[PDB]
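Next comes just one chain, in structure tokens: the form deposited in one PDB entry.
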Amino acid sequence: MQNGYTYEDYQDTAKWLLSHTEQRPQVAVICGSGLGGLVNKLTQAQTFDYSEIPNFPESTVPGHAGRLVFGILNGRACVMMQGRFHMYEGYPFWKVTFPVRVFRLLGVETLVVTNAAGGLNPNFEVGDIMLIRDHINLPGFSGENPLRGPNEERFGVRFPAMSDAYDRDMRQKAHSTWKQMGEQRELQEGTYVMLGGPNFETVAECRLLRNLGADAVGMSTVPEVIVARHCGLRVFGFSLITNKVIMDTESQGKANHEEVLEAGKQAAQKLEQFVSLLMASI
């Protein structure tokens, strides 16, 4: 059926967290595949396994520890999802996005989303960071949407707009911050396209995606952005280009989850530095 959580369920979970930590975060960060390292830079950290927080789902994917960590990052109080949920695990979108609404009830105002993605844009190189300026929601085209079913007015409106989903001001900040880091490569920016997974794309599918105007492909994030914007959260996000997708039938190798995680550690020091510095801007 549709959404199985009532407003009270989100409320109960929020109260439970509030009664177990003195931390009052204003920023929420969702760590994607190979990005779980961002957590180790938190000060005064407190961790909760998803399995001990009442109505919380569980991460089953390698590279997703499945822990909620509160802490202080570069002066800002925040909460981090060290690992997320995906539709390919068997979860409905209303389960995948449960934490987002709980965050809103905690008093969070900004949500930063991260993920590992395949590069469709030929100008992209493995290791690149791409600011997400827009998305294409394939599952949404068929009715698979976290907002399907009766609307909860206490969270948002029935027909939320998505054209302004990725905060313009934060993207300007991201660009200025990147410049201060003195990096050699430029910060990329583009359209993220989501598909269900869990298998990797065929050559025909990649060419099709690129021709639709997508710069990177992945199996998450979009559902969380929809719910985030629906409840009024300011959203900012980026993809770590973990590999160049095969575009020719004379393909040498083939995508694998290992390459994705390996790439994560390689860029760890870089993107961790980036996110921490970004905390100064709000």
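Numbers follow the displayed sequence, beginning with 1. We call the rigid core whatever largest set of C-alpha positions still superposes within 1.5 Å between the two forms.
Below, we turn to the form deposited in another entry, even though it does not appear here.
- Relative to the superposed core, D9 undergoes a Cα shift smaller than 2 Å between the shown form and the other one.
- Relative to the superposed rigid core, the position of the CA of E259 differs between the shown form and the other one by 2 Å or more.
- Compared with the form shown here, the C-alpha atoms of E262 and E125 sit at least 3 Å closer together in the other entry.
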